[PDB]
C-alpha cells in the first residue's frame, strides 16, 4: 500500500509525474478521478488553506471530503499501545484508522508537534500510527514535515521560472522572527524539496542552535548528491540574500530548546531583524519571495514585500489545491 507521507519516500520520476498531473489539473479542474469516493480530513490543529483546498479538490473530482476534528466533534484519540486508556483519550488509533478505512477511500491527517519533547515529536507518531493501521492510503496534511506544501511550492517555482528544471537556482531558506516557537515542519520540507530539485540551497538562521534536525540535513545532503545542487548553512544575512533567486521564510523554535523555551526567548528576540524586507530582497537577483501562510505581517515579512509583484505566496497557496488533487488521484 502506497502512502504520501513524505516526498523523500517517492522517486524523482514519481514526484515529476505528480507535479505534471498537478499542472494538468490546474488547466482542467473538473474531473472524475474520485467519483463516488471519499477522503477523511482529520485535523488535530487549525487550518484554512489545507481544509479548504482538500475539501474542494475532492468535490471537483466527484468525491466528498469528511472533515473531522478529534476533541472538537470527533472523540479524542490515543496513539500509545499497551496503555491503560483511563485518561483523556476515548478510543485507540487502531480502531479509528480501521473504522475510517471501512468508510473512506483515503485519509488525510494533520498533527503538529506539542513543542515539549522534540525527541517524541520527531518520531511522527500520529502519522505513522495512521499509516500502520489504515487499510487505505494516508496523506500527510502536515505533522513534522509538510510534503503537500513542498509540491505546491515546487510547482510555483517551476511556473515562475518557466521550466521544470530548477538546477542552478540559488535558494535561500530563511528563518524569521516570532515571539513563540513554531513547528519546523515547513522548514524541514523546504530544505528537502529545494535540494531534491537540485537548487543551490542556503539555510539562513541566527545561530547553530537554529539548524534543522539532522534527519533533514541528511536528506538534503543525499538529495544534493542525487540532484546536483548544494547545501550550505549561514548566519550572515547579506551574503545569503546576495544574488538569490528564491527566498522562502518561516519561523521555528530552536530544536535544542524543546520543553524549555524560557531561555531561548531572549535569544530569538535579538534576531527580529531577520524579517524579510525590501532592503534584503533588493540584494537578490530580482528574486521571488514566498511563504506557506498563515503569515503575520510586519513580523515574518513587511507589508511592502507581501504586496510586491515578486511575492508568489498566493500562487503557491493556490497550488496546494492542484498538487493535492494529483496526490489523491495517484493514491486512489
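Positions refer to the first chain, counted from 1.
The stretch 249 to 257 shows the higher mean C-alpha B-factor when 188 to 196 is compared against 249 to 257 in the entry. Between 217 to 225 and 133 to 141, the higher mean Cα B-factor belongs to 217 to 225. Of the candidates 60, 38, 28, 286, the PDB record gives 286 the highest C-alpha temperature factor. Across the residues 110, 98, 180, 146, the deposited record lists the maximum Cα B factor for 180. Among all modelled residues in this chain, the alpha-carbon of residue 279 has a temperature factor (C-alpha) in the highest third. Sort the modelled residues of the chain by CA B factor and residue 120 lands in the highest third. Ranked by C-alpha B-factor against the other modelled residues of its chain, residue 49 falls in the lowest third. Sort the chain's modelled residues by C-alpha temperature factor and residue 174 lands in the middle third, per the entry. Split the chain's modelled residues into thirds by C-alpha temperature factor. Residue 262 is in the highest one.
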